[PDB]
Amino acid sequence: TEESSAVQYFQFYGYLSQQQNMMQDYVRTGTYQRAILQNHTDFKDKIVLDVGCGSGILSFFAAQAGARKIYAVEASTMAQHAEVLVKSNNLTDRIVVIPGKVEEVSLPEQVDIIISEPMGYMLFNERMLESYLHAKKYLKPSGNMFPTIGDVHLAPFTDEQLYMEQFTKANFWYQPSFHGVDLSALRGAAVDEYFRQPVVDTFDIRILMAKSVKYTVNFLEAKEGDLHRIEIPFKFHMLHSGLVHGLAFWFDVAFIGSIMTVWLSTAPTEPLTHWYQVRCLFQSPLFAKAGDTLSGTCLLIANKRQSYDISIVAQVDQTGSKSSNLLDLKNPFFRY
Amino acid sequence: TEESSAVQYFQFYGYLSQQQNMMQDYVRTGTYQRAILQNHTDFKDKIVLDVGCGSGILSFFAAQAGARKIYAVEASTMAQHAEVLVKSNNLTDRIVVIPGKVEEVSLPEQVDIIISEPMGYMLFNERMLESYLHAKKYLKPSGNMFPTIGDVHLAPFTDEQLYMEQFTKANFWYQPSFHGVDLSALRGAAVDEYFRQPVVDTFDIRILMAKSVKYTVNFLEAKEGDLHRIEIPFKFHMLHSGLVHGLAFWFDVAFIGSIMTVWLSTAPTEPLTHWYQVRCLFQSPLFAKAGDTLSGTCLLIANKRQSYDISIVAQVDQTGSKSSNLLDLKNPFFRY
Amino acid sequence: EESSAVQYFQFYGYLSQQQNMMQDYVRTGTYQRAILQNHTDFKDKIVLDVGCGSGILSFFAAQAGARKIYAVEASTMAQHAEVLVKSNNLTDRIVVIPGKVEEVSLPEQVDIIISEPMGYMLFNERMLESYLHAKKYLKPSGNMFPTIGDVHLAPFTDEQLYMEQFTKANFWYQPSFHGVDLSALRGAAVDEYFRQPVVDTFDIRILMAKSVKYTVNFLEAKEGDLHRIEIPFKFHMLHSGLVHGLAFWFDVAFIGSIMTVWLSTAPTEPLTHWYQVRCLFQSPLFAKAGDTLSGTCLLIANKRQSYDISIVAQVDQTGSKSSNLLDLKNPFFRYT
Amino acid sequence: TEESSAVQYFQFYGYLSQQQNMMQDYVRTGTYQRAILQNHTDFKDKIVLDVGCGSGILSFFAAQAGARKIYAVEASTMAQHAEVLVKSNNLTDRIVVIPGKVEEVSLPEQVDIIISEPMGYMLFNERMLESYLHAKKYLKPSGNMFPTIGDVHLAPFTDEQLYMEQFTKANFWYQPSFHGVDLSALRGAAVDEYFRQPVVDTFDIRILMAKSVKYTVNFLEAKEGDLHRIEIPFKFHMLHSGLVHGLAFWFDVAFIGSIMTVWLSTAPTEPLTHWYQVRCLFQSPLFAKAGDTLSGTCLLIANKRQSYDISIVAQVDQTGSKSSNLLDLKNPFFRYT
Ligand SMILES: Nc1ncnc2c1ncn2[C@@H]1O[C@H](CSCCNCc2cccc(Br)c2)[C@@H](O)[C@H]1O
Ligand SMILES: Nc1ncnc2c1ncn2[C@@H]1O[C@H](CSCCNCc2cccc(Br)c2)[C@@H](O)[C@H]1O
Ligand SMILES: Nc1ncnc2c1ncn2[C@@H]1O[C@H](CSCCNCc2cccc(Br)c2)[C@@H](O)[C@H]1O
Ligand SMILES: Nc1ncnc2c1ncn2[C@@H]1O[C@H](CSCCNCc2cccc(Br)c2)[C@@H](O)[C@H]1O
């Protein structure tokens with residue numbers, strides 16, 4: 001099941017329209033260019049590896065900041081288009097497009113710095129951070145990585161409207177006489193399938209019932225295998241009383257340069273990006289009072305479809321009110 | 001039990017506050033006075049039986065119309081108060097209060113006309129109509145009854161907000177860990193109990209999806225036993241497409257006098273009364289298209305709680321989509 | 001009495017009532033805290049749950065480690081309780097016994113009795129008597145949860161609440177209501193309104209003196225002690241003004257081996273569905289700050305599972321007195 | 001690429017949400033129920049094969065019409081759910097759910113009638129009509145197919161905004177300094193990529209410039225291989241003057257029973273369905289006068305991705321002006337907005 005979804009993934013990224021959609025996100029493109037250009041000393045006369053370069057934009061940023069040689073690896077057919085852009089911008093002596101997967105190609109040389117845009121939904125979808133970490137085999141002993149660190153933020157939320165939307169969709173299968181047919185036997189199954197879907201969109205920050213818990217991956221130290229099973233303990237101190245309908249996820253990445261640390265944030269308090277935010281709904285919400293603690297674990301298991309199985313166990317400590325939920329990030333509901 | 005329900009019923013009607021609340025309904029009181037006074041020749045020098053007179057207001061209307069003798073039968077303690085008002089209004093020679101049930105008291109004389117206010121929610125609640133029909137044992141052959149007829153109007157409606165309200169209430173019992181306790185096994189029962197509740201309130205007529213079907217009871221012709229089982233067939237021609245969440249009920253009564261026929265209407269196209277309107281919800285709504293026929297039966301079976309067990313079977317004939325519902329008219333949801 | 005008892009148990013047969021009581025977080029949360037934080041009183045013990053309803057308290061006792069819990073319920077709700085015991089897989093530890101605690105058979109004396117027997121003013125519905133009756137199954141070292149109950153009384157000033165009674169009763173003070181002179185009933189209407197205890201909450205500023213506390217020790221009290229409750233009071237007025245009546249609230253204490261947990265319905269505490277109760281004087285009494293208001297509140301158990309309330313109060317320094325009779329079975333729910 | 005394509009396809013159809021989305025389409029479900037119930041004589045005490053039954057709704061309709069035995073074949077995981085419903089509606093004696101592809105499973109008995117919903121975009125997308133026709137090896141000689149026939153309708157359209165959209169979108173690349181990068185060299189490629197996408201949406205019928213040309217497939221007569229290469233000649237009698245930007249496509253299917261013929265239509269003159277309509281743009285527009293003829297061919301080549309490559313050649317006969325396009329139906333642009 002891994003090979004087929006990998007084929008579909010790279011076919012999806014072979015399209016210029018996807019490159020345009022991602023490049024038109026000005027937060028992404030502008031933050032990356034700021035991180036690279038304001039840290040020009042991390043690129044001046046340096047060797048760069050651009051992992052999953054796509055159309056090559058990050059490599060062009062590296063060249064703008066003064067890089068001597070940039071190896072831009074790309075496994076999709078977009079590599080060819082990148083080469084076209086390298087020629088038409090007269091950067092053939094500085095940007096070397098290397099077609100293929102970063103786990104299989106040969107570089108002639110170790111690099112001073114690795115740059116990439118490997119973030120997916122919840123920072124981890126598409127599992128490309130594993131390729132980003134794998135590329136560290138080419139990194140000189142004290143080399144740098146752009147982005148350097150990644151923070152996933154989790155926070156309980158209340159949203160009755162979203163819960164009722166999904167619950168009603170599931171309740172379609174509560175009908176006992178749909179065109180004279182009893183569907184009710186499948187209702188449970190339907191509910192399960194509907195609540196396994198993470199909800200990808202934005203929201204007002206006032207739905208957040210507690211301060212976010214932060215889980216940090218240091219890309220300078222993380223190993224690829226570390227991303228196969230990600231265990232995130234959490235303990236929220238509730239600031240508002242009400243129903244917890246689930247957990248909201250967003251992420252920031254930090255480019256820790258020798259001049260400046262530049263943050264790319266997809267937080268709901270920041271301008272919207274094409275990453276949006278992700279929300280895992282409980283099949284049944286948990287009541288809590290302000291001052292209570294909501295504690296548990298979010299376990300992300302990498303699956304062979306370049307996504308994650310999400311398991312959220314969360315309990316209100318004061319009453320012992322527990323919730324266990326399973327989700328699949330490969331079937332997200334693009335609500336917006 | 002029947003005895004205990006009757007005890008509670010008459011204790012409820014012993015309170016002056018209930019008399020005030022019913023009498024402050026200007027549609028009820030004003031329409032009754034209009035029907036009696038504009039048909040004064042049906043009362044001039046006549047013999048009147050007031051069934052369940054309460055404080056006696058209808059007996060006073062009959063006296064204003066010139067009734068020679070009015071027997072005002074009341075089983076609650078309110079009978080005493082009626083006598084006070086008879087004495088303080090100097091009508092001791094024309095209004096005779098008779099305490100007790102009309103089924104058990106003895107009147108000295110056959111009456112020219114019976115007047116009563118026997119209508120409950122859906123016109124049938126409290127089963128007082130039976131007592132009303134029973135009073136015909138005292139009616140002269142040329143006698144009349146005010147009200148003379150009663151029309152029950154049914155009409156399919158769409159109200160997603162009401163359905164969502166009741167469903168959300170029932171969803172409390174879907175919790176797997178309410179204070180660590182699994183309630184979900186009762187959810188079905190919960191849903192049933194919530195959708196057995198008739199919803200007593202008013203609504204905009206724009207929620208009605210077909211012209212009303214009318215079921216008429218002729219109080220002059222009807223016998224008491226007829227009200228033990230009431231079958232109301234219906235075949236609506238759907239005027240709008242969408243979800244039928246249930247059936248709405250209201251009623252009219254006609255005082256068919258000699259001079260004039262006067263109508264008392266509780267329809268949603270009419271000024272609101274304390275009867276409001278009554279809606280019966282379906283646990284699963286029925287999708288219908290304009291031009292379809294929604295056919296079925298409403299069955300009222302008299303129970304020992306001075307009320308009716310209601311069965312409503314409806315189906316969209318084009319698709320065979322069917323809905324069977326039970327409603328306990330002894331547990332209404334007053335939505336205001 | 002039977003006609004009221006059957007209606008009482010029919011009322012308590014509905015899942016909506018159980019849900020409304022369970023959703024009161026003060027009630028359910030305080031019971032769970034008291035049982036769990038006194039787990040040494042429950043670990044491996046025999047427990048009797050008097051009037052278990054849906055069984056929630058029995059589940060709390062099982063969570064604390066009870067070896068066997070007998071949960072007795074007289075309404076049809078007992079059936080649902082059984083469903084919850086099977087679905088939570090506690091049949092070997094929780095035995096649901098349908099019927100009244102005075103009539104069912106327990107196979108074993110219990111280590112501790114738990115119950116939620118509190119009504120309005122702590123005594124309404126008379127279930128405390130059943131609670132005390134259950135002591136026939138208590139071992140000589142047995143404990144009661146709740147262990148004690150304090151009823152608090154305090155004089156209040158509310159000119160507008162007093163005004164409302166006459167504004168409502170003055171409906172009857174009309175010489176031509178549709179041509180009928182209603183005035184002769186005005187006095188009765190007034191009396192009827194003043195005989196209603198007023199169930200709602202209020203600002204603690206309306207209290208004119210520190211409360212007087214009357215305590216029932218459930219470990220020592222006998223059933224017949226609750227048939228006639230005499231509460232003398234001598235308030236030392238902290239403010240000058242008119243006293244329109246007495247305000248009532250209550251607390252109960254669970255006195256466990258580890259700690260004592262209080263459940264309070266005081267107006268200084270968060271609102272519960274018990275609210276607070278206010279009994280007006282027919283005529284207010286003027287008191288200066290520093291005067292003493294002395295008198296007696298006599299609660300007499302009646303045949304409708306409630307109490308007749310006789311209140312006699314006087315300002316000692318002036319001799320002004322007021323005497324008032326109320327029926328707690330017909331309270332006026334004023335909260336909106 | 002059949003392996004990845006088909007595993008993705010069946011995983012897509014394993015979801016109850018997709019089944020519900022198809023069932024809630026009242027045109028689809030209602031028309032199928034009408035065609036089966038109003039032709040009860042074709043099902044009463046009959047043997048029925050349901051091809052790709054999904055949750056089994058069509059098998060339940062056939063049961064409503066009195067079918068003696070119904071084999072419901074489903075290749076996705078939805079078969080499990082189908083089985084559940086068969087048990088929960090007390091029809092295990094009459095409906096047998098067979099999990100697996102209709103080309104690979106073994107039906108013990110020859111059937112009197114085959115029912116299915118194999119239609120995709122342009123009636124041919126997802127290539128399930130091939131499985132529907134392959135199922136005829138289980139059909140009795142006098143048997144029937146529900147649906148019986150299928151008409152694909154082509155019609156020239158004018159949509160200036162739609163045509164200009166492609167160049168507006170591709171012109172993102174026609175920038176000499178996008179964050180300091182000259183993207184211009186890719187603009188042309190972008191254009192090509194946009195023009196290879198059939199546009200799935202609806203439109204007002206007034207953009208249609210001529211009566212549709214209809215290509216009929218008769219499922220009772222057609223062979224599976226007939227759908228590997230579909231050549232649709234067209235000559236349109238232009239009813240309006242203007243610039244033709246491409247061809248619009250929709251389809252109907254007809255259930256031809258003993259009692260009645262029932263039509264399920266996805267035409268733009270009919271209420272919208274989840275099939276919408278499909279529009280393929282020419283590379284360059286062609287001016288045509290009303291009374292001119294627009295002639296050419298739409299050649300559908302079945303490809304390995306359970307879809308079709310669409311080759312379209314058109315010319316205004318009275319002027320000789322011509323245009324063409326080659327589109328990939330596996331990657332349509334969902335424009336419904
Ligand atoms: N092993 C590999 N070797 C070489 N290249 C590889 C490898 N894996 C992947 N790639 C290439 O990197 C690129 C994907 S990462 C972009 C991640 N942002 C997604 C995104 C989601 C939501 C909003 C926004 Br806004 C952006 C593609 O070009 C892909 O083909
Ligand atoms: N067998 C009997 N013999 C003698 N009297 C009897 C007997 N049964 C009953 N009554 C008396 O008739 C009266 C009840 S009918 C009023 C029905 N409208 C209700 C109502 C509902 C919603 C809105 C509005 Br506005 C009014 C009471 O006084 C009652 O004590
Ligand atoms: N002799 C008996 N034997 C067995 N069970 C019995 C017996 N008497 C009663 N019960 C059961 O106990 C339960 C009633 S107590 C709830 C008292 N809170 C009321 C209340 C009022 C205001 C606010 C809030 Br908040 C709660 C019912 O389930 C009832 O059926
Ligand atoms: N060889 C096979 N053997 C057995 N079953 C098979 C086989 N191939 C597929 N199937 C099953 O047939 C079903 C097809 S979906 C109905 C096709 N309309 C789509 C559609 C598109 C736009 C709008 C709307 Br409205 C509906 C799926 O369940 C699929 O799993």
Side-chain angles (χ1 to χ4, degrees), chain A residues 156-176 183-184 186-197 199 207 209 241-246 279-288 314 316 319 321-325, chain B residues 159-197 199 243 245-246 279 281-285 323 325 331 333 335, chain C residues 14-25 28 53-56 59 77 80 83-84 87-88:
Chain A
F157 72 88
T158 185
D159 198 327
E160 199 177 29
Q161 182 189 337
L162 172 62
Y163 177 81
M164 285 314 298
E165 285 186 28
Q166 301 305 88
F167 219 63
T168 297
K169 294 181 190 171
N171 225 77
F172 168 88
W173 298 88
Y174 224 132
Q175 285 172 305
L183 310 182
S184 58
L186 287 175
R187 190 256 167 171
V191 185
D192 291 345
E193 179 191 305
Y194 269 113
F195 282 81
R196 285 180 168 261
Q197 299 197 240
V199 183
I207 76 167
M209 316 176 66
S241 302
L243 287 167
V244 181
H245 291 105
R279 276 187 289 172
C280 298
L281 277 157
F282 300 154
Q283 295 183 20
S284 191
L286 296 173
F287 181 85
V316 184
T319 65
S321 190
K322 200 210 189 184
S323 181
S324 305
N325 305 265
Chain B
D159 197 333
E160 183 250 7
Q161 194 188 41
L162 173 61
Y163 181 84
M164 288 286 92
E165 281 186 15
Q166 295 301 84
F167 194 78
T168 297
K169 290 183 193 173
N171 271 321
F172 168 88
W173 297 93
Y174 186 67
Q175 297 184 39
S177 184
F178 177 80
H179 294 262
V181 184
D182 190 353
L183 312 177
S184 63
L186 293 180
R187 208 263 230 180
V191 167
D192 300 358
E193 184 187 305
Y194 276 116
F195 283 88
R196 284 163 52 95
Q197 291 200 273
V199 183
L243 288 172
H245 295 106
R279 282 181 285 174
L281 287 154
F282 305 150
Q283 307 200 4
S284 56
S323 174
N325 312 261
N331 183 34
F333 170 39
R335 203 155 163 259
Chain C
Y14 289 88
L15 290 162
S16 53
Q17 262 304 133
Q18 290 294 317
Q19 165 181 357
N20 293 337
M21 291 185 290
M22 290 157 71
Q23 286 182 319
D24 188 323
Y25 188 81
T28 309
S54 60
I56 176 71
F59 290 118
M77 181 60 50
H80 300 316
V83 170
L84 290 185
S87 63
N88 290 262

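Protein chains get the first letters and strands the later ones, always in sequence-line order, with residue 1 at the start of each.
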Item to check | Exam field: side chain A:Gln175 to backbone A:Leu183, donor-acceptor pair closer than 3.5 Å | outcome: no
Item to check | Heavy-atom pair of closest approach, residues B:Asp159 and B:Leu162 | outcome: OD1-N, 3.3 Å
Checklist entry - Any side-chain heavy atom of B:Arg196 sitting closer than 4.5 Å to one from B:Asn331? => result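 A side-chain contact under 4.5 Å is absent here.
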Next on the checklist: Quick one, C:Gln17 and C:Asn20 - any side-chain contact, counting heavy atoms below 4.5 Å?
Outcome noted: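 In contact.
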Checklist entry - Is the backbone N or O of B:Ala185 less than 3.5 Å from a side-chain atom of C:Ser87, with the two atoms forming a donor-acceptor pair by type? => result no
Checklist outcome for this item: On a heavy-atom basis, the closest approach of B:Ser284 and A:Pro176 is OG-CD, 3.2 Å
Checklist entry - If every non-hydrogen atom of B:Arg335 is compared with every non-hydrogen atom of B:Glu165, which pair is closest and at what distance? => result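 Reported closest heavy-atom pair: NE-OE1, 2.9 Å.
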Item to check | Rounded distance (nearest 0.5 Å) linking atom NZ of B:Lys169 with atom CE of B:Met164 | outcome: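 Interatomic distance, B:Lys169 NZ to B:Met164 CE, rounded to 0.5 Å: 13.0 Å.
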Next on the checklist: Does A:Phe287 form a ring pair (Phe, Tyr, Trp, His ring centres under 6.0 Å) with C:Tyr25? I'd like the steps, not just the answer.
Outcome noted: CA-CA 10 Å; A:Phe287 181 85; C:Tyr25 188 81; 5.6 Å; yes
Item to check | Where B:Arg187 and A:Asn171 come nearest, the two heavy atoms and their spacing | outcome: NH2-OD1, 4.3 Å
Item to check | Side-chain heavy-atom pair A:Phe282, A:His245 within 4.5 angstrom cut-off | outcome: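 Not in contact.
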Item to check | Rounded distance (nearest 0.5 Å) linking atom CG of B:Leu186 with atom CD of C:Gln18 | outcome: 10.0 Å
Checklist entry - What class does the angle between the rings of A:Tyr174 and B:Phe167 fall in, given that below 30° is parallel, 30 to 60° is tilted and above 60° is perpendicular? => result perpendicular
Checklist entry - What class does the angle between the rings of B:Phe195 and B:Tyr163 fall in, given that below 30° is parallel, 30 to 60° is tilted and above 60° is perpendicular? => result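 Plane angle between 30° and 60°, so tilted.
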Checklist entry - Do B:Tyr194 and B:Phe172 have ring centres separated by under 6.0 Å? => result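 Here the rings of B:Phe172 and B:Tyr194 have centres that are no less than 6.0 Å from each other.
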Item to check | Close side-chain approach of A:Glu160 and A:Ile207, heavy atoms under 4.5 Å | outcome: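 No, their side chains stay 4.5 Å or more apart.
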Checklist entry - What's the verdict on side-chain contact (heavy atoms from CB on, under 4.5 Å) for A:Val244 and A:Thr158, showing C-alpha distance, side-chain angles and the deciding distance? => result CA-CA 5 Å; A:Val244 181; A:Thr158 185; over 6 Å; no
Checklist entry - For B:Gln283 and B:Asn325, does a side-chain donor sit closer than 3.5 Å to a side-chain acceptor? => result no
Next on the checklist: Using every non-hydrogen atom in the two residues, find where B:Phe178 and C:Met22 come nearest and quote the distance to one decimal.
Outcome noted: CZ-O, 3.5 Å
Item to check | Side-chain donor/acceptor of B:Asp182 to backbone N/O of B:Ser177, under 3.5 Å | outcome: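 Not at all, since once roles are kept as given, no pair shorter than 3.5 Å links the two residues.
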Item to check | Heavy-atom pair of closest approach, residues A:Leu286 and A:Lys322 | outcome: CD2-O, 3.6 Å
Checklist entry - Should C:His80 and C:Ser54 be marked as a side-chain contact (heavy atoms from CB on, under 4.5 Å) after you check the CA-CA gap, both sets of side-chain angles, and the distance that decides it? => result CA-CA 6 Å; C:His80 300 316; C:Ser54 60; 5.9 Å; no
Item to check | CA sep, side-chain torsions, deciding dist, call: C:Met77, C:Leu15, side-chain contact (heavy atoms from CB on, under 4.5 Å) | outcome: CA-CA 7 Å; C:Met77 181 60 50; C:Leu15 290 162; 3.8 Å; yes
